[PDB]
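Dumped entry-v1.tsv below, it's TSV, C-alpha atoms and all ligand atoms:
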```tsv
chain	number	residue	atom	x	y	z
A	1	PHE	CA	-27.62	-53.84	-44.43
A	2	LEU	CA	-31.24	-52.87	-44.43
A	3	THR	CA	-33.79	-55.60	-43.80
A	4	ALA	CA	-34.86	-57.37	-46.98
A	5	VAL	CA	-38.48	-57.55	-48.06
A	6	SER	CA	-38.12	-61.32	-48.55
A	7	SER	CA	-37.15	-61.85	-44.90
A	8	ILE	CA	-40.85	-62.24	-44.03
A	9	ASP	CA	-43.58	-64.29	-45.71
A	10	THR	CA	-45.95	-61.48	-46.64
A	11	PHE	CA	-44.67	-60.56	-50.12
A	12	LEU	CA	-43.26	-63.87	-51.35
A	13	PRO	CA	-46.22	-64.63	-53.66
A	14	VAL	CA	-45.89	-61.40	-55.62
A	15	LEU	CA	-42.07	-61.49	-55.59
A	16	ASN	CA	-42.31	-64.99	-57.09
A	17	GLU	CA	-44.09	-63.35	-60.07
A	18	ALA	CA	-42.17	-60.09	-60.41
A	19	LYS	CA	-38.92	-58.50	-61.43
A	20	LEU	CA	-37.79	-55.16	-60.02
A	21	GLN	CA	-36.98	-52.25	-62.33
A	22	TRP	CA	-34.80	-49.59	-60.71
A	23	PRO	CA	-33.84	-46.78	-61.15
A	24	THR	CA	-35.18	-46.97	-64.73
A	25	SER	CA	-37.00	-49.65	-66.73
A	26	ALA	CA	-33.70	-51.56	-66.72
A	27	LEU	CA	-33.67	-54.70	-64.62
A	28	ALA	CA	-32.53	-54.28	-61.02
A	29	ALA	CA	-33.42	-57.70	-59.59
A	30	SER	CA	-34.83	-60.92	-60.97
A	31	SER	CA	-37.66	-62.69	-59.17
A	32	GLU	CA	-35.17	-65.08	-57.59
A	33	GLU	CA	-32.97	-62.20	-56.43
A	34	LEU	CA	-36.04	-60.58	-54.85
A	35	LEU	CA	-37.03	-63.83	-53.13
A	36	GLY	CA	-33.41	-64.26	-52.07
A	37	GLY	CA	-32.82	-61.06	-50.14
A	38	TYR	CA	-32.24	-58.27	-52.66
A	39	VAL	CA	-32.27	-55.02	-50.69
A	40	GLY	CA	-31.24	-51.38	-50.75
A	41	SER	CA	-32.49	-47.96	-49.72
A	42	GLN	CA	-34.72	-48.07	-52.82
A	43	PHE	CA	-36.43	-51.34	-51.80
A	44	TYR	CA	-36.45	-52.59	-48.21
A	45	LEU	CA	-38.66	-53.85	-45.41
A	46	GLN	CA	-39.87	-50.84	-43.46
A	47	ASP	CA	-41.26	-50.93	-39.90
A	48	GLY	CA	-40.91	-54.73	-40.02
A	49	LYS	CA	-43.90	-55.01	-42.34
A	50	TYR	CA	-43.96	-52.73	-45.43
A	51	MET	CA	-42.40	-53.31	-48.82
A	52	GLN	CA	-41.18	-49.75	-49.38
A	53	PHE	CA	-40.10	-48.22	-52.69
A	54	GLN	CA	-38.14	-44.96	-52.98
A	55	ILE	CA	-36.99	-43.10	-56.09
A	56	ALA	CA	-35.93	-39.62	-57.21
A	57	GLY	CA	-35.64	-38.18	-60.72
A	58	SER	CA	-38.00	-37.42	-63.59
A	59	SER	CA	-39.54	-40.64	-64.94
A	60	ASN	CA	-37.29	-42.80	-62.78
A	61	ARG	CA	-38.88	-45.74	-61.02
A	62	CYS	CA	-38.54	-48.45	-58.42
A	63	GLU	CA	-41.25	-50.77	-59.66
A	64	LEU	CA	-42.26	-54.41	-59.74
A	65	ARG	CA	-43.23	-55.78	-63.18
A	66	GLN	CA	-45.37	-58.91	-63.41
A	67	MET	CA	-43.58	-62.07	-64.56
A	68	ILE	CA	-44.64	-65.63	-65.24
A	69	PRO	CA	-44.40	-67.28	-61.80
A	70	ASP	CA	-41.60	-69.55	-60.63
A	71	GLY	CA	-38.73	-68.03	-62.60
A	72	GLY	CA	-40.57	-67.44	-65.87
A	73	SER	CA	-40.12	-64.66	-68.38
A	74	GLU	CA	-42.24	-61.52	-68.84
A	75	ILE	CA	-45.96	-62.19	-68.83
A	76	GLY	CA	-48.52	-60.84	-71.25
A	77	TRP	CA	-52.28	-61.17	-70.94
A	78	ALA	CA	-55.42	-59.87	-72.62
A	79	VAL	CA	-58.23	-57.79	-71.13
A	80	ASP	CA	-60.93	-60.15	-72.48
A	81	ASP	CA	-59.69	-63.72	-72.01
A	82	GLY	CA	-62.76	-64.53	-69.88
A	83	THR	CA	-60.82	-64.71	-66.60
A	84	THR	CA	-60.48	-61.98	-64.00
A	85	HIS	CA	-57.01	-60.48	-63.65
A	86	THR	CA	-56.79	-58.95	-60.19
A	87	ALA	CA	-54.25	-56.83	-58.36
A	88	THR	CA	-54.92	-56.22	-54.66
A	89	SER	CA	-52.85	-53.93	-52.48
A	90	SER	CA	-52.76	-52.13	-49.17
A	91	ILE	CA	-50.69	-48.96	-49.48
A	92	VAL	CA	-49.50	-46.32	-47.05
A	93	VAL	CA	-48.85	-43.20	-49.12
A	94	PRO	CA	-47.00	-40.86	-46.73
A	95	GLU	CA	-46.91	-37.12	-47.15
A	96	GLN	CA	-44.60	-36.63	-50.11
A	97	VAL	CA	-41.60	-34.36	-49.84
A	98	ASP	CA	-41.48	-31.02	-51.62
A	99	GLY	CA	-40.60	-31.50	-55.26
A	100	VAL	CA	-42.56	-34.74	-55.70
A	101	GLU	CA	-45.70	-34.00	-57.73
A	102	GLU	CA	-47.11	-37.33	-58.97
A	103	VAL	CA	-46.20	-40.91	-58.12
A	104	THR	CA	-47.61	-43.87	-60.03
A	105	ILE	CA	-48.14	-46.70	-57.55
A	106	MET	CA	-50.00	-49.34	-59.60
A	107	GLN	CA	-50.34	-49.91	-63.33
A	108	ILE	CA	-51.76	-52.05	-66.04
A	109	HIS	CA	-49.27	-51.65	-68.90
A	110	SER	CA	-48.66	-53.33	-72.24
A	111	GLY	CA	-45.99	-53.29	-74.92
A	112	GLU	CA	-47.21	-49.89	-76.12
A	113	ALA	CA	-48.72	-47.89	-73.25
A	114	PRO	CA	-50.31	-47.81	-69.77
A	115	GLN	CA	-53.91	-48.98	-69.85
A	116	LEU	CA	-54.17	-47.78	-66.24
A	117	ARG	CA	-52.11	-45.76	-63.81
A	118	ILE	CA	-53.14	-45.30	-60.21
A	119	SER	CA	-51.13	-42.34	-58.95
A	120	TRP	CA	-50.83	-40.01	-56.01
A	121	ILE	CA	-50.93	-36.41	-57.22
A	122	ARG	CA	-50.23	-33.20	-55.33
A	123	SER	CA	-52.82	-31.02	-57.09
A	124	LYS	CA	-54.89	-31.29	-60.23
A	125	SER	CA	-58.10	-30.11	-61.86
A	126	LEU	CA	-60.33	-32.94	-63.13
A	127	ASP	CA	-63.44	-32.11	-65.13
A	128	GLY	CA	-63.40	-28.52	-63.91
A	129	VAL	CA	-62.92	-29.42	-60.22
A	130	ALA	CA	-59.76	-28.89	-58.16
A	131	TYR	CA	-58.41	-31.70	-56.02
A	132	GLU	CA	-55.39	-31.75	-53.69
A	133	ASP	CA	-53.21	-34.51	-52.21
A	134	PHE	CA	-55.23	-37.34	-53.71
A	135	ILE	CA	-55.17	-40.66	-55.52
A	136	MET	CA	-56.17	-40.65	-59.19
A	137	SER	CA	-56.84	-43.23	-61.88
A	138	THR	CA	-55.81	-42.49	-65.46
A	139	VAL	CA	-57.19	-44.95	-68.01
A	140	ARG	CA	-56.12	-44.86	-71.65
A	141	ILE	CA	-58.91	-45.35	-74.17
A	142	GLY	CA	-56.56	-44.41	-77.03
A	143	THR	CA	-52.87	-44.02	-77.81
A	144	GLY	CA	-52.94	-40.28	-78.59
A	145	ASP	CA	-52.11	-37.28	-76.43
A	146	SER	CA	-55.32	-35.23	-76.50
A	147	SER	CA	-57.56	-35.42	-73.45
A	148	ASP	CA	-60.10	-37.64	-75.24
A	149	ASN	CA	-57.58	-40.51	-74.98
A	150	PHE	CA	-57.91	-40.56	-71.18
A	151	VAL	CA	-60.51	-41.11	-68.49
A	152	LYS	CA	-59.29	-39.64	-65.21
A	153	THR	CA	-61.02	-40.18	-61.88
A	154	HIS	CA	-60.62	-39.03	-58.30
A	155	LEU	CA	-60.27	-42.31	-56.40
A	156	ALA	CA	-59.80	-40.94	-52.87
A	157	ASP	CA	-58.06	-38.21	-50.94
A	158	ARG	CA	-54.74	-39.48	-49.56
A	159	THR	CA	-55.05	-40.88	-46.05
A	160	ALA	CA	-52.51	-41.24	-43.28
A	161	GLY	CA	-53.57	-44.86	-42.83
A	162	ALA	CA	-53.28	-47.75	-45.23
A	163	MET	CA	-55.58	-47.57	-48.23
A	164	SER	CA	-56.60	-50.71	-50.08
A	165	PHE	CA	-56.94	-51.00	-53.83
A	166	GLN	CA	-58.37	-53.78	-55.94
A	167	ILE	CA	-57.96	-53.64	-59.72
A	168	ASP	CA	-60.15	-56.17	-61.54
A	169	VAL	CA	-60.05	-56.70	-65.30
A	170	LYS	CA	-62.69	-59.01	-66.78
A	171	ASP	CA	-64.26	-59.13	-70.24
A	172	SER	CA	-62.75	-55.78	-71.28
A	173	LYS	CA	-64.11	-54.01	-68.18
A	174	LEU	CA	-62.05	-52.40	-65.43
A	175	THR	CA	-63.24	-52.07	-61.83
A	176	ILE	CA	-61.28	-50.21	-59.16
A	177	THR	CA	-62.27	-50.68	-55.52
A	178	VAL	CA	-60.76	-48.42	-52.84
A	179	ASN	CA	-61.09	-49.31	-49.15
A	180	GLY	CA	-63.80	-51.80	-50.12
A	181	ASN	CA	-65.90	-49.33	-52.14
A	182	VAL	CA	-66.27	-49.58	-55.91
A	183	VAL	CA	-65.14	-46.25	-57.34
A	184	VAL	CA	-64.62	-47.11	-61.01
A	185	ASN	CA	-67.35	-49.51	-62.07
A	186	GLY	CA	-66.78	-51.29	-65.36
A	187	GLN	CA	-64.71	-48.77	-67.31
A	188	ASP	CA	-64.51	-49.92	-70.93
A	189	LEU	CA	-61.12	-51.30	-72.03
A	190	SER	CA	-62.37	-52.38	-75.48
A	191	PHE	CA	-59.82	-50.16	-77.22
A	192	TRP	CA	-57.26	-52.76	-76.09
A	193	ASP	CA	-59.09	-55.75	-77.58
A	194	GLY	CA	-56.53	-57.80	-79.48
A	195	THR	CA	-53.61	-56.76	-77.25
A	196	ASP	CA	-52.01	-59.76	-75.51
A	197	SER	CA	-49.10	-58.00	-73.78
A	198	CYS	CA	-50.78	-56.50	-70.70
A	199	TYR	CA	-49.25	-56.92	-67.25
A	200	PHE	CA	-49.45	-55.45	-63.77
A	201	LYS	CA	-46.90	-53.13	-62.16
A	202	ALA	CA	-46.63	-51.62	-58.69
A	203	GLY	CA	-44.20	-49.55	-56.68
A	204	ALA	CA	-43.14	-45.95	-57.24
A	205	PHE	CA	-42.78	-44.34	-60.68
A	206	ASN	CA	-41.99	-40.63	-60.33
A	207	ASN	CA	-43.85	-38.40	-62.79
A	208	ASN	CA	-43.12	-34.73	-63.51
A	209	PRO	CA	-41.25	-33.82	-60.29
A	210	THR	CA	-40.26	-30.20	-59.83
A	211	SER	CA	-36.85	-31.22	-58.45
A	212	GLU	CA	-34.68	-34.08	-59.67
A	213	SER	CA	-33.44	-34.84	-56.16
A	214	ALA	CA	-36.81	-35.12	-54.39
A	215	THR	CA	-37.42	-38.73	-53.35
A	216	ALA	CA	-40.86	-40.29	-53.77
A	217	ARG	CA	-41.63	-42.92	-51.14
A	218	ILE	CA	-44.48	-45.47	-51.15
A	219	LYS	CA	-45.12	-48.32	-48.66
A	220	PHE	CA	-47.01	-51.54	-49.43
A	221	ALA	CA	-48.49	-53.51	-46.54
A	222	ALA	CA	-49.83	-56.04	-49.05
A	223	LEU	CA	-49.60	-56.74	-52.77
A	224	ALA	CA	-50.92	-59.69	-54.79
A	225	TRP	CA	-51.43	-60.35	-58.49
A	226	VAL	CA	-53.80	-63.21	-59.33
A	227	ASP	CA	-55.78	-64.62	-62.22
A	228	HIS	CA	-59.22	-65.98	-61.29
A	229	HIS	CA	-60.57	-68.60	-63.68
B	301	LIG	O1	-48.65	-34.38	-69.48
B	301	LIG	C1	-48.95	-35.41	-68.83
B	301	LIG	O2	-48.60	-35.51	-67.61
B	301	LIG	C2	-49.69	-36.53	-69.51
B	301	LIG	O3	-49.13	-37.77	-68.96
B	301	LIG	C3	-49.95	-38.98	-69.22
B	301	LIG	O4	-49.42	-40.05	-68.46
B	301	LIG	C4	-48.07	-40.47	-68.88
B	301	LIG	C5	-47.19	-40.47	-67.70
B	301	LIG	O5	-46.98	-39.11	-67.20
B	301	LIG	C6	-45.86	-41.09	-67.96
B	301	LIG	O6	-45.12	-40.25	-68.85
B	301	LIG	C7	-45.97	-42.50	-68.58
B	301	LIG	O7	-46.55	-43.30	-67.76
B	301	LIG	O8	-46.85	-42.35	-69.84
B	301	LIG	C8	-48.17	-41.84	-69.47
B	301	LIG	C9	-48.99	-41.88	-70.73
B	301	LIG	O9	-48.47	-41.60	-71.84
B	301	LIG	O10	-50.19	-42.24	-70.64
B	301	LIG	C10	-51.40	-38.80	-68.84
B	301	LIG	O11	-51.50	-38.60	-67.42
B	301	LIG	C11	-51.99	-37.62	-69.52
B	301	LIG	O12	-53.34	-37.42	-69.01
B	301	LIG	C12	-51.19	-36.37	-69.28
B	301	LIG	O13	-51.67	-35.38	-70.19
B	302	LIG	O1	-39.18	-47.69	-70.53
B	302	LIG	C1	-40.30	-47.80	-71.09
B	302	LIG	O2	-40.68	-46.92	-71.91
B	302	LIG	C2	-41.18	-48.98	-70.79
B	302	LIG	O3	-40.30	-50.15	-70.63
B	302	LIG	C3	-40.97	-51.35	-70.05
B	302	LIG	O4	-40.00	-52.28	-69.59
B	302	LIG	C4	-39.45	-53.07	-70.65
B	302	LIG	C5	-38.17	-52.50	-71.17
B	302	LIG	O5	-38.05	-52.83	-72.59
B	302	LIG	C6	-36.97	-53.01	-70.45
B	302	LIG	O6	-35.79	-52.52	-71.10
B	302	LIG	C7	-36.88	-54.54	-70.38
B	302	LIG	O7	-35.98	-54.98	-71.30
B	302	LIG	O8	-38.21	-55.21	-70.63
B	302	LIG	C8	-39.21	-54.39	-69.95
B	302	LIG	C9	-40.53	-55.07	-69.79
B	302	LIG	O9	-40.76	-55.58	-68.68
B	302	LIG	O10	-41.41	-55.14	-70.69
B	302	LIG	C10	-41.87	-51.07	-68.87
B	302	LIG	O11	-41.03	-50.77	-67.74
B	302	LIG	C11	-42.78	-49.92	-69.09
B	302	LIG	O12	-43.46	-49.65	-67.84
B	302	LIG	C12	-42.02	-48.70	-69.54
B	302	LIG	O13	-42.97	-47.68	-69.83
```
Could you take the file, read its structure, and then write that structure out as structure tokens?
Amino acid sequence: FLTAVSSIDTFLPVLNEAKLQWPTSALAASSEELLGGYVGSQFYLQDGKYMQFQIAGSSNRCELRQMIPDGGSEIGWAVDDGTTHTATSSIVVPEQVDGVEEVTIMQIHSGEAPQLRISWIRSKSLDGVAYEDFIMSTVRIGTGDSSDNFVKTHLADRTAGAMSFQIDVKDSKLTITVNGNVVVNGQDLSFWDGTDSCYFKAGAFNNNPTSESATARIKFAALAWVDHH
């Protein structure tokens, strides 16, 4: 078998507060299964050090979903509880194979919608400007489909090396730091005031591929979800 992610210490804290969804939103592995050696080509320890996710197919995923720690059920939190909810990662986004067009690698999501997606995207125009092979944030400020429901930002061009991300939510404000630099500084999340079902996700969620067989692949050198109070 492939080497399991849980065979080293690095990812145990997040696996202790996650379930894996693969190849859809259906459950693939409970937290205890993840901590106890769950493995496959979709989710394995790569190069002795990366938690790697792989998935093909439109809207398919191999994704961790935040759970109450220590064998608890699904978590839900609010954007304005006075604490800071923080997700910190170090991600190697390799060159994506032909047919893969957008891969969501971290989220804040609730019962209804994604508050935030951080995604790799092959090419896109944002605010009249073309970008290629880059990392984007998409924040929902509404539940509709017109462009005014979203705030989209160029976070960074994709690098060969690991790229760090920190997502901080405090007092209905979102901050995204990339390689130690604040990129998104206090984006308003007030539309979500009253929602108590938010949670973090991370992995690979394949969006709008041009081929159903093309496999998205994303490597995490680090991932942690914490609440600072
Ligand atoms: O046409 C789009 O690509 C549309 O998608 C929106 O993101 C959605 C994702 O693609 C996934 O379907 C899932 O995560 O739901 C997302 C959503 O409904 O917010 C946005 O990227 C939007 O800007 C875009 O028009
Ligand atoms: O598939 C979706 O549209 C969303 O489902 C969410 O996962 C749910 C889902 O109901 C599962 O069947 C399971 O029973 O509970 C999941 C949960 O963790 O809340 C999310 O995967 C979400 O990202 C999807 O957009």
Inset, instruction - Please give me, as number ranges by chain, the residues lying within 10 Å of ligand LIG 301 (chain B) when counting all atoms listed in the file. - result: A: 58-59, 102-104, 107, 109, 112-119, 136-152, 205-208
Counting only C-alpha atoms, which residues of stretch 14-95 of chain A sit at most 10 Å from some atom of stretch 211-225 of chain A, and what is each one's closest atom pair with its distance in Å to one decimal, listed by chain and rising residue number, as CSV?
```
residue,atom,partner,partner_atom,distance
A:14,CA,A:224,CA,5.4
A:15,CA,A:224,CA,9.1
A:17,CA,A:225,CA,8.1
A:18,CA,A:225,CA,9.5
A:42,CA,A:217,CA,8.8
A:43,CA,A:219,CA,9.7
A:44,CA,A:219,CA,9.7
A:45,CA,A:219,CA,9.1
A:46,CA,A:219,CA,7.8
A:47,CA,A:219,CA,9.9
A:49,CA,A:221,CA,6.4
A:50,CA,A:221,CA,4.7
A:51,CA,A:220,CA,5.0
A:52,CA,A:219,CA,4.3
A:53,CA,A:218,CA,5.4
A:54,CA,A:217,CA,4.4
A:55,CA,A:215,CA,5.2
A:56,CA,A:215,CA,4.2
A:57,CA,A:212,CA,4.3
A:58,CA,A:212,CA,6.1
A:59,CA,A:212,CA,9.7
A:60,CA,A:212,CA,9.6
A:61,CA,A:216,CA,9.3
A:62,CA,A:217,CA,9.7
A:66,CA,A:225,CA,7.9
A:85,CA,A:225,CA,7.6
A:86,CA,A:225,CA,5.8
A:87,CA,A:225,CA,4.5
A:88,CA,A:224,CA,5.3
A:89,CA,A:223,CA,4.3
A:90,CA,A:222,CA,4.9
A:91,CA,A:220,CA,4.5
A:92,CA,A:219,CA,5.1
A:93,CA,A:218,CA,5.3
A:94,CA,A:218,CA,6.9
A:95,CA,A:217,CA,8.8
```
Pull the closest atom pair for each residue of chain A that gets at most 7 Å from ligand LIG 302 (chain B), along with the distance in Å to one decimal, counting only C-alpha atoms and all ligand atoms, ordering rows by chain and then ascending residue number, as a Markdown table.
```
| residue | atom | partner | partner_atom | distance |
| --- | --- | --- | --- | --- |
| A:21 | CA | B:LIG302 | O11 | 6.9 |
| A:25 | CA | B:LIG302 | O11 | 4.3 |
| A:26 | CA | B:LIG302 | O6 | 4.9 |
| A:27 | CA | B:LIG302 | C7 | 6.6 |
| A:65 | CA | B:LIG302 | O9 | 6.0 |
| A:74 | CA | B:LIG302 | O9 | 6.1 |
| A:109 | CA | B:LIG302 | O12 | 6.2 |
| A:111 | CA | B:LIG302 | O10 | 6.5 |
| A:113 | CA | B:LIG302 | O13 | 6.7 |
```
For stretch 70-102 of chain A against stretch 191-201 of chain A, with a cut-off of 8 Å and counting all atoms listed in the file, what is the closest atom pair and its distance in Å to one decimal for every residue that makes the cut, ordered by chain and number, as CSV?
```
residue,atom,partner,partner_atom,distance
A:75,CA,A:199,CA,6.4
A:76,CA,A:197,CA,3.8
A:77,CA,A:196,CA,4.8
A:78,CA,A:196,CA,4.5
A:79,CA,A:193,CA,6.8
A:80,CA,A:193,CA,7.0
A:87,CA,A:200,CA,7.4
```
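Minimum distance to residue A:98 across A:163, A:69, A:20, A:210 (counting only C-alpha atoms) occurs at A:210.
Take the candidates A:82, A:72, A:186, A:203 and check each one against residue A:22 using only C-alpha atoms; the shortest distance goes to A:203.
One finds atom CA of residue A:161 at 14.2 Å from atom CA of residue A:96.
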Inset, instruction - Find the distance between atom CA of residue A:84 and atom CA of residue A:108 and write it in Å to one decimal. - result: 13.4 Å
Inset, instruction - Write out as a PyMOL selection string which residues come within 8 Å of stretch 123-133 of chain A when counting only C-alpha atoms, dropping same-chain ones fewer than 3 positions away. - result: chain A and resi 101+120+152-154+157-158
Legend entry - Who sits within 9 Å of residue A:180, only C-alpha atoms, same chain under 5 positions skipped, as a ChimeraX atom specification: /A:164-166
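When atom CA of residue A:32 is paired with atom CA of residue A:10, their separation reads 15.8 Å.
In terms of minimum interatomic distance to residue A:190, A:173 ranks closest within A:228, A:122, A:19, A:173, counting all atoms listed in the file.
Counting all atoms listed in the file and comparing A:7, A:24, A:68, A:1, the residue that lies closest to residue A:40 is A:1.
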